[PDB]
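Adding 2 to a residue's 1-based position in the sequence shown gives its number in the numbering used here. Quick reminder that beta carbons are idealized off the backbone N, C-alpha and C, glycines included. This report refers to the structure that appears directly beneath it.
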Amino acid sequence: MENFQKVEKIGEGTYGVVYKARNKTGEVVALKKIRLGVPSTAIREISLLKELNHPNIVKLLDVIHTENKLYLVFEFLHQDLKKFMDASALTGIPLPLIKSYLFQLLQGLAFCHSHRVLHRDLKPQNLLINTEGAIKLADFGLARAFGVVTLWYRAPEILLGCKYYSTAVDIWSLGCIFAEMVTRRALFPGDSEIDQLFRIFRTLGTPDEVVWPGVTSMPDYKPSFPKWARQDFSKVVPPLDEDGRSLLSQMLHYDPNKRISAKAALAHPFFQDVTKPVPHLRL
Ligand SMILES: CCOc1ccc(Nc2c(C)c(N[C@H]3CCCNC3)nc3ccnn23)cc1
Numbered sequence: 003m004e005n006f007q008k009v010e011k012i013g014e015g016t017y018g019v020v021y022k023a024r025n026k027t028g029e030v031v032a033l034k035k036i037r038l039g040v041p042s043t044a045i046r047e048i049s050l051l052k053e054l055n056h057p058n059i060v061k062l063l064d065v066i067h068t069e070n071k072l073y074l075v076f077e078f079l080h081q082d083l084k085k086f087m088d089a090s091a092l093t094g095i096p097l098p099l100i101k102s103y104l105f106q107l108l109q110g111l112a113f114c115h116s117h118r119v120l121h122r123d124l125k126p127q128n129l130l131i132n133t134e135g136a137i138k139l140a141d142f143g144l145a146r147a148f149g150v151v152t153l154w155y156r157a158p159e160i161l162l163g164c165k166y167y168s169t170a171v172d173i174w175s176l177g178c179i180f181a182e183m184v185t186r187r188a189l190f191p192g193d194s195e196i197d198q199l200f201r202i203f204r205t206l207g208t209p210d211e212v213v214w215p216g217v218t219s220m221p222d223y224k225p226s227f228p229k230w231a232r233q234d235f236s237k238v239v240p241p242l243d244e245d246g247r248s249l250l251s252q253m254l255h256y257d258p259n260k261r262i263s264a265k266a267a268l269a270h271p272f273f274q275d276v277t278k279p280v281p282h283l284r285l
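Below is the structure:
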């Protein structure tokens, strides 16, 4: 721990402060001080995460439990998708690069999901990019590990009070990010839980028992919810092509059981001509 020299503060998450740091191995790392001894379950869960290694998952290099505090040492990347989106706002991310990033994030999700590990908190600031065209998921497994946060990417079954949600929650979040790369605007930018739900309802239709069996018995479902009609995706994500719109529609299925899995999404015709472009990055 005295083994690291802070370089600068680079971020601030739900789980504490993040610094760029140098390991006195020579390596440059992202160091996360976990907000706080450490409960023993958090330890064994995080220890499990160190083994969950994939090219599209930010590598957990080390887990330092000392002085009764917890530090997570991560592989360092120089940019995130939020900043890249803000920088690309004038002409948009080119479609082939959108498709490459979506494809790679679905590979990362299919990996974690096959081990029954969920992210739960996907958002642009958690997706990190390098000069080689790679994109990686940061903070995977941390929500389960530890128990204004953005609601924009939160799945409707969470907002409706489901306690035992599934890997489908990460697919919803990724479809929301896909729509945002395409249109250069957040799809559902809610500033309260009801505003988030009602934005979803205004675009996708108020869900009912027809499209989502069991919806009306959910913990926070209210029969008094206004009933809005569903919009056409051609209005929601222009100028995305029909393969893209078709894939997005399956990622945004109301019923978590009908929503497409990461593994099935990888086979969708949208990915038939996928390539790996390199972005233009100013670091
Ligand atoms: C171009 C300046 O922007 C940057 C600069 C550095 C980063 N790097 C970074 C940042 C900012 C980061 N921040 C965390 C903050 C809390 C939520 N999850 C991500 N985590 C990691 C892990 C590996 N790299 N990294 C991201 C964006």
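When rounded, the separation of the alpha-carbon atoms in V9 and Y167 is 39 angstroms.
Here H56 has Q109, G110, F113, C114 as same chain residues with Cβ atoms under 8 angstroms from its own Cβ, once five neighbours each way along the sequence are excluded. DSSP links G15 through a beta bridge to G18. DSSP places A264 outside any beta strand (DSSP E); the residue lies instead in the alpha helix (DSSP H), whose first and last residues are 264-267. Scanning its chain for C-beta atoms nearer than 8 angstroms, with the 5 sequence neighbours on each side dropped, one finds around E134 the residues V280, in chain order. Look at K85: its beta carbon is less than 7 angstroms from one of the heavy atoms in ligand 1. Around the Cβ of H255, a 10 Å sphere holds 16 or more other Cβ atoms; the residue is buried. By the CB criterion at 8 angstroms, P126 and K84 fall inside the cutoff. A distance criterion of 7 angstroms places the beta-carbon of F272 beyond contact range of ligand 1, judged by its closest non-hydrogen atom. Annotation for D172: the continuous alpha helix (DSSP H) segment containing it runs 170-185.
For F76, the shortest separation between its Cβ and any heavy atom of ligand 1 lies below 7 angstroms. DSSP places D88 in the uninterrupted alpha helix (DSSP H) bounded by 83-89. Collapsing the DSSP output to three states places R24 in a strand. Around the beta carbon of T277, a 10 Å sphere encloses fewer than 16 other beta carbons of the protein chains shown; the residue is thus reported as exposed.
A Cβ-Cβ contact shorter than 8 angstroms links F76 with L63. Runs of the alpha helix (DSSP H) lying entirely within the segment 191-236 and spanning at least 4 residues, in chain order: 195-206. The beta carbon of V213 is closer than 8 angstroms to those of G207, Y256, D257 in its chain, skipping five residues each way along the sequence.
Remark: the shortest separation between the CB of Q127 and any heavy atom of ligand 1 falls under 7 angstroms. Here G163 really is in contact with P221; their C-beta atoms are around 3 angstroms apart, less than 8 angstroms. Around the beta carbon of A266, a 10 Å sphere encloses fewer than 16 other beta carbons of the protein chains shown; the residue is thus reported as exposed. Around the beta carbon of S116, a 10 Å sphere encloses fewer than 16 other beta carbons of the protein chains shown; the residue is thus reported as exposed.
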